[PDB]
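Here's structure.cif, which has mmCIF, C-alpha atoms:
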```cif
data_input
loop_
_atom_site.group_PDB
_atom_site.id
_atom_site.type_symbol
_atom_site.label_atom_id
_atom_site.label_comp_id
_atom_site.auth_asym_id
_atom_site.auth_seq_id
_atom_site.Cartn_x
_atom_site.Cartn_y
_atom_site.Cartn_z
ATOM 1 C CA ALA I 1 -17.018 -7.180 19.048
ATOM 2 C CA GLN I 2 -17.628 -5.136 15.908
ATOM 3 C CA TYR I 3 -13.943 -4.552 15.273
ATOM 4 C CA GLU I 4 -11.974 -7.791 15.703
ATOM 5 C CA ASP I 5 -8.244 -8.434 15.577
ATOM 6 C CA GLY I 6 -7.722 -10.675 12.555
ATOM 7 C CA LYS I 7 -10.786 -9.222 10.857
ATOM 8 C CA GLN I 8 -10.585 -5.531 9.788
ATOM 9 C CA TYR I 9 -7.063 -5.351 11.085
ATOM 10 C CA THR I 10 -4.231 -7.443 12.513
ATOM 11 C CA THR I 11 -1.927 -6.703 15.421
ATOM 12 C CA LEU I 12 1.843 -6.599 15.062
ATOM 13 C CA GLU I 13 3.513 -9.301 17.147
ATOM 14 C CA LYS I 14 6.457 -6.928 17.240
ATOM 15 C CA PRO I 15 5.180 -3.381 17.861
ATOM 16 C CA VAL I 16 7.225 -0.512 16.394
ATOM 17 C CA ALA I 17 8.120 2.213 18.905
ATOM 18 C CA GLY I 18 8.146 5.851 17.799
ATOM 19 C CA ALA I 19 6.450 4.991 14.488
ATOM 20 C CA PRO I 20 4.322 7.571 12.659
ATOM 21 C CA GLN I 21 0.680 7.742 13.722
ATOM 22 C CA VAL I 22 -0.743 6.757 10.339
ATOM 23 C CA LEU I 23 1.858 5.136 8.086
ATOM 24 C CA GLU I 24 0.969 4.136 4.540
ATOM 25 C CA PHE I 25 3.170 2.122 2.109
ATOM 26 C CA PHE I 26 2.743 1.946 -1.640
ATOM 27 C CA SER I 27 4.453 1.291 -4.959
ATOM 28 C CA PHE I 28 3.842 2.957 -8.322
ATOM 29 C CA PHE I 29 3.986 -0.613 -9.754
ATOM 30 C CA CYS I 30 1.246 -1.830 -7.397
ATOM 31 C CA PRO I 31 -2.156 -2.302 -9.036
ATOM 32 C CA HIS I 32 -4.276 -2.031 -5.846
ATOM 33 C CA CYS I 33 -2.238 1.057 -4.961
ATOM 34 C CA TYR I 34 -3.287 2.621 -8.262
ATOM 35 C CA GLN I 35 -6.902 1.911 -7.329
ATOM 36 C CA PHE I 36 -6.310 3.258 -3.767
ATOM 37 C CA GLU I 37 -5.063 6.511 -5.207
ATOM 38 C CA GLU I 38 -7.105 7.056 -8.356
ATOM 39 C CA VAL I 39 -10.473 5.358 -7.794
ATOM 40 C CA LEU I 40 -10.833 5.094 -4.018
ATOM 41 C CA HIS I 41 -8.823 8.094 -2.754
ATOM 42 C CA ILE I 42 -8.082 6.142 0.473
ATOM 43 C CA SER I 43 -5.511 8.546 1.956
ATOM 44 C CA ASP I 44 -7.861 11.416 1.403
ATOM 45 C CA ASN I 45 -10.848 9.796 3.030
ATOM 46 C CA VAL I 46 -8.800 8.540 5.968
ATOM 47 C CA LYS I 47 -7.583 12.110 6.567
ATOM 48 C CA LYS I 48 -11.149 13.451 6.520
ATOM 49 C CA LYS I 49 -12.046 11.136 9.411
ATOM 50 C CA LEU I 50 -8.870 11.370 11.522
ATOM 51 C CA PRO I 51 -9.081 13.465 14.686
ATOM 52 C CA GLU I 52 -7.255 16.747 15.117
ATOM 53 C CA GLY I 53 -3.479 16.595 15.627
ATOM 54 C CA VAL I 54 -2.920 13.384 13.649
ATOM 55 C CA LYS I 55 -0.303 13.389 10.906
ATOM 56 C CA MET I 56 -0.263 11.085 7.913
ATOM 57 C CA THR I 57 2.836 9.602 6.345
ATOM 58 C CA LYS I 58 3.111 7.820 2.993
ATOM 59 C CA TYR I 59 6.225 5.992 1.803
ATOM 60 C CA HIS I 60 7.257 4.234 -1.432
ATOM 61 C CA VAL I 61 8.808 0.736 -1.399
ATOM 62 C CA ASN I 62 11.668 -0.942 -3.278
ATOM 63 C CA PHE I 63 10.492 -4.535 -3.623
ATOM 64 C CA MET I 64 8.485 -4.027 -6.846
ATOM 65 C CA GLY I 65 9.850 -3.140 -10.259
ATOM 66 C CA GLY I 66 13.523 -3.812 -9.654
ATOM 67 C CA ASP I 67 15.870 -0.985 -10.607
ATOM 68 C CA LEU I 68 13.029 1.370 -11.568
ATOM 69 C CA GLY I 69 11.389 0.546 -8.254
ATOM 70 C CA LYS I 70 14.329 2.075 -6.391
ATOM 71 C CA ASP I 71 14.445 5.105 -8.697
ATOM 72 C CA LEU I 72 10.823 5.607 -7.823
ATOM 73 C CA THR I 73 11.543 5.446 -4.067
ATOM 74 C CA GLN I 74 14.229 8.091 -4.594
ATOM 75 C CA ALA I 75 11.819 10.184 -6.770
ATOM 76 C CA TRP I 76 9.229 9.974 -4.032
ATOM 77 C CA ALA I 77 11.881 11.256 -1.602
ATOM 78 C CA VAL I 78 12.362 14.182 -4.024
ATOM 79 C CA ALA I 79 8.621 14.764 -4.130
ATOM 80 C CA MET I 80 8.389 14.779 -0.286
ATOM 81 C CA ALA I 81 11.382 17.088 0.038
ATOM 82 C CA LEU I 82 9.950 19.616 -2.455
ATOM 83 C CA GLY I 83 6.408 19.055 -1.203
ATOM 84 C CA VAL I 84 5.046 18.230 -4.656
ATOM 85 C CA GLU I 85 3.381 14.881 -3.867
ATOM 86 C CA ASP I 86 -0.006 16.074 -5.016
ATOM 87 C CA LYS I 87 1.359 17.090 -8.408
ATOM 88 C CA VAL I 88 3.302 13.967 -9.351
ATOM 89 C CA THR I 89 1.347 11.092 -7.816
ATOM 90 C CA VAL I 90 -1.203 10.759 -10.575
ATOM 91 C CA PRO I 91 1.200 11.119 -13.554
ATOM 92 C CA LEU I 92 3.657 8.676 -11.971
ATOM 93 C CA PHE I 93 0.918 6.056 -11.514
ATOM 94 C CA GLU I 94 -0.373 6.554 -15.056
ATOM 95 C CA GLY I 95 3.124 6.670 -16.526
ATOM 96 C CA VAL I 96 4.018 3.338 -14.936
ATOM 97 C CA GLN I 97 0.699 1.442 -15.192
ATOM 98 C CA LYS I 98 -1.545 3.134 -17.803
ATOM 99 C CA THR I 99 0.538 4.611 -20.623
ATOM 100 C CA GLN I 100 3.739 2.737 -19.763
ATOM 101 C CA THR I 101 5.846 5.725 -20.720
ATOM 102 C CA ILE I 102 8.022 5.469 -17.644
ATOM 103 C CA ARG I 103 10.990 3.199 -18.319
ATOM 104 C CA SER I 104 13.969 5.064 -16.902
ATOM 105 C CA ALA I 105 14.977 7.592 -14.310
ATOM 106 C CA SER I 106 14.904 10.178 -17.103
ATOM 107 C CA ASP I 107 11.242 9.425 -17.779
ATOM 108 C CA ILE I 108 10.454 9.842 -14.059
ATOM 109 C CA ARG I 109 12.223 13.197 -14.180
ATOM 110 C CA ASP I 110 10.099 14.243 -17.211
ATOM 111 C CA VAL I 111 6.945 13.830 -15.112
ATOM 112 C CA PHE I 112 8.292 16.341 -12.570
ATOM 113 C CA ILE I 113 9.328 18.781 -15.359
ATOM 114 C CA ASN I 114 5.909 18.591 -16.937
ATOM 115 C CA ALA I 115 4.440 19.198 -13.473
ATOM 116 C CA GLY I 116 6.450 22.399 -13.385
ATOM 117 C CA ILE I 117 9.325 21.505 -11.079
ATOM 118 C CA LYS I 118 12.432 23.087 -12.557
ATOM 119 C CA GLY I 119 15.044 20.729 -13.970
ATOM 120 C CA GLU I 120 17.741 22.350 -11.952
ATOM 121 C CA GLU I 121 15.593 22.113 -8.793
ATOM 122 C CA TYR I 122 14.812 18.458 -9.392
ATOM 123 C CA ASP I 123 18.400 17.356 -10.054
ATOM 124 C CA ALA I 124 19.737 19.180 -7.012
ATOM 125 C CA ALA I 125 17.122 17.469 -4.819
ATOM 126 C CA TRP I 126 17.722 14.078 -6.489
ATOM 127 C CA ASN I 127 21.405 14.280 -5.578
ATOM 128 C CA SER I 128 20.916 15.878 -2.146
ATOM 129 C CA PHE I 129 21.816 14.164 1.150
ATOM 130 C CA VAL I 130 18.495 15.385 2.493
ATOM 131 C CA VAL I 131 16.891 13.125 -0.115
ATOM 132 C CA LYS I 132 19.386 10.349 0.757
ATOM 133 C CA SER I 133 18.209 10.359 4.365
ATOM 134 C CA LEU I 134 14.578 10.561 3.196
ATOM 135 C CA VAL I 135 15.177 7.345 1.163
ATOM 136 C CA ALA I 136 16.750 5.803 4.295
ATOM 137 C CA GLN I 137 13.620 6.713 6.286
ATOM 138 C CA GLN I 138 11.323 4.999 3.765
ATOM 139 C CA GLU I 139 13.484 1.904 3.806
ATOM 140 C CA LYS I 140 13.777 1.814 7.603
ATOM 141 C CA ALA I 141 10.026 2.172 8.198
ATOM 142 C CA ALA I 142 9.322 -0.683 5.765
ATOM 143 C CA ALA I 143 12.047 -2.794 7.371
ATOM 144 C CA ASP I 144 10.648 -2.162 10.884
ATOM 145 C CA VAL I 145 7.262 -3.683 10.024
ATOM 146 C CA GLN I 146 8.229 -6.816 8.019
ATOM 147 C CA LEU I 147 6.790 -5.382 4.819
ATOM 148 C CA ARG I 148 6.364 -7.768 1.866
ATOM 149 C CA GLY I 149 3.142 -6.354 0.440
ATOM 150 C CA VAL I 150 1.462 -3.146 -0.602
ATOM 151 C CA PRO I 151 -0.799 -1.254 -0.247
ATOM 152 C CA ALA I 152 -0.336 -1.296 3.537
ATOM 153 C CA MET I 153 -1.338 0.987 6.350
ATOM 154 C CA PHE I 154 -0.114 0.816 9.952
ATOM 155 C CA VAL I 155 -1.590 2.741 12.868
ATOM 156 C CA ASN I 156 0.732 3.845 15.709
ATOM 157 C CA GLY I 157 3.239 1.160 14.805
ATOM 158 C CA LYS I 158 0.991 -1.490 16.271
ATOM 159 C CA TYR I 159 -2.015 -2.260 14.023
ATOM 160 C CA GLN I 160 -2.153 -3.157 10.331
ATOM 161 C CA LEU I 161 -5.276 -2.577 8.219
ATOM 162 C CA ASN I 162 -6.699 -5.709 6.664
ATOM 163 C CA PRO I 163 -8.777 -4.714 3.592
ATOM 164 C CA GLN I 164 -9.256 -8.378 2.540
ATOM 165 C CA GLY I 165 -11.749 -8.450 5.391
ATOM 166 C CA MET I 166 -14.130 -5.635 4.236
ATOM 167 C CA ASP I 167 -17.019 -5.804 1.727
ATOM 168 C CA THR I 168 -16.058 -4.813 -1.827
ATOM 169 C CA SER I 169 -19.481 -4.931 -3.479
ATOM 170 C CA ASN I 170 -19.618 -1.179 -3.197
ATOM 171 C CA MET I 171 -16.465 0.943 -3.486
ATOM 172 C CA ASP I 172 -17.794 3.792 -1.337
ATOM 173 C CA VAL I 173 -18.824 1.488 1.483
ATOM 174 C CA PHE I 174 -15.387 -0.150 1.336
ATOM 175 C CA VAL I 175 -13.608 3.192 1.672
ATOM 176 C CA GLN I 176 -15.728 4.293 4.631
ATOM 177 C CA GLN I 177 -15.262 0.976 6.426
ATOM 178 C CA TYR I 178 -11.547 1.387 5.807
ATOM 179 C CA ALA I 179 -11.397 4.990 7.083
ATOM 180 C CA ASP I 180 -13.662 4.237 10.060
ATOM 181 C CA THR I 181 -11.337 1.386 10.905
ATOM 182 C CA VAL I 182 -8.322 3.704 10.912
ATOM 183 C CA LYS I 183 -10.268 6.084 13.191
ATOM 184 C CA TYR I 184 -11.185 3.292 15.643
ATOM 185 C CA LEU I 185 -7.566 2.086 15.688
ATOM 186 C CA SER I 186 -6.400 5.648 16.125
ATOM 187 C CA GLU I 187 -8.548 6.071 19.254
ATOM 188 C CA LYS I 188 -7.510 2.655 20.577
#
```
Same coordinates, now as structure tokens:
Amino acid sequence: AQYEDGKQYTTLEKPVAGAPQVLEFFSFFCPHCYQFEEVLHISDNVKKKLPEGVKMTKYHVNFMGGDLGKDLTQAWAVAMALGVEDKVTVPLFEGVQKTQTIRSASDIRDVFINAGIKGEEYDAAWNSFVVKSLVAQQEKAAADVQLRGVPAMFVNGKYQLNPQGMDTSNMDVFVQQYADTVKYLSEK
């Protein structure tokens, strides 16, 4: 076939019931994730090809960057709760991997302040039980699917994208193969 299990994707031996339609995992410490966001705009190009009625979920993971890694999962929960993902994603990536100016929870907070989220609004969210349960959701979804590596994308809790098996000579061709694969899996 043109799309082959074990080639552009793999199948989960243990399918995950009730999982989000398109589920993406990343870390702000993850170098391919930086590329996926900044250079390739994967999420964005997947969305543009997904049919109507399909929602996209993106979660942060704990297993990179130790203590700061967990702060970042909680900060991402804050970002989701306030709906400010599109304003903090780039400065968080660059703060961690480019300028290396993010070394503490306080530095993460600064990024939100500079993005215009009010200090008071941020700290209330940070400490909120709504954000607690949002952290729990990120952890549970990662736990459900055996996750030990990022970036990762899962479709309908049953298929996992396998980018190692796509041509990387050309970045644009890679992205379209990737998005077209999500679409195919989506319709599966």
Got a sec: who's within 12 Å of residue 65 of chain I, counting all atoms listed in the file, leaving out chain neighbours fewer than 5 positions off, as a PyMOL selection string? chain I and resi 27-30+60+70-73+96-97+102-104
So which residues get picked by the PyMOL selection byres ((chain I and resi 4) around 12) here, written as a PyMOL selection string? chain I and resi 1-3+5-11+159+161-162+165-166+181+184-185
For residue 93 of chain I, which of I:80, I:182, I:111, I:117 is the closest residue, counting only C-alpha atoms? I:111
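When atom CA of residue 23 of chain I is paired with atom CA of residue 59 of chain I, their separation reads 7.7 Å.
Take atom CA of residue 112 of chain I and atom CA of residue 131 of chain I: the distance between them is 15.5 Å.
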